[PDB]
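Chain by chain, the residues run as shown.
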Amino acid sequence: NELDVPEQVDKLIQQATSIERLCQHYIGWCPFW
């Protein structure tokens, strides 16, 4: 309850940030954005 509400977002972003590192490797650039 006291916790924030969209906290997953801020945590998701971290995931997305990692995907950037992977993408730059797998495809080379950002396939989504």
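Method information in the entry identifies solution NMR as the source of the structure.

> Explain the overall build of the chain residue by residue, including any values.
For the chain, the helix and strand inventory stands at 1 helix and 0 strands. Principal-axis analysis of the C-alpha atoms gives the chain an extent of 40 × 15 × 5 Å. Sorting the 33 residues of the chain into buried and exposed places 3% on the buried side. Roughly 3,400 Å² of accessible area belongs to the chain as shown, and the carbon and sulfur atoms make up 58% of that amount.

> Run through the pattern of salt bridges, naming residues and quoting values.
With the rule as written, the count across this model stands at 1 salt bridge. As a salt-bridge pair, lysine 11 and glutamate 7 come within 3.9 Å of each other at their nearest N and O atoms. Remark: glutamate 7 and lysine 11 occur in helix α1 (residues 7-26); sequence separation between them is 4 residues, near one turn of the helix. By relative accessible area, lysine 11 is classed as partly exposed at 44%.

> Could you give an account of a nonpolar patch on the surface, naming the residues involved and the relevant values?
Where nonpolar side chains cluster on the molecular surface, the patch consists of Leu22, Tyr26, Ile27 and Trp29 and spans about 490 Å² of accessible area. You can call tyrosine 26 exposed: its relative accessible area is 70%.

Thresholds, definitions, all that
- Residues numbered from 1 in each chain as written, not as in the entry; some residues may be left out.
- Heavy atoms only, no water.
- Helix = DSSP H or I, 4+ residues; strand = E, 2+ residues; numbered from the N terminus.
- Buried < 20%, exposed > 50% of the residue type's maximum accessible area, 1.4 Å probe, protein only.
- Areas by Shrake-Rupley, 256 points an atom, 1.4 Å probe, with all protein chains shown as cover.
- Salt bridge = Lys/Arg side-chain N within 4 Å of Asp/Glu carboxyl O.
- Patch = residues over 30% accessible without salt bridge, like charges linked within 9 Å, V, L, I, M, F, W, Y side chains within 5 Å.

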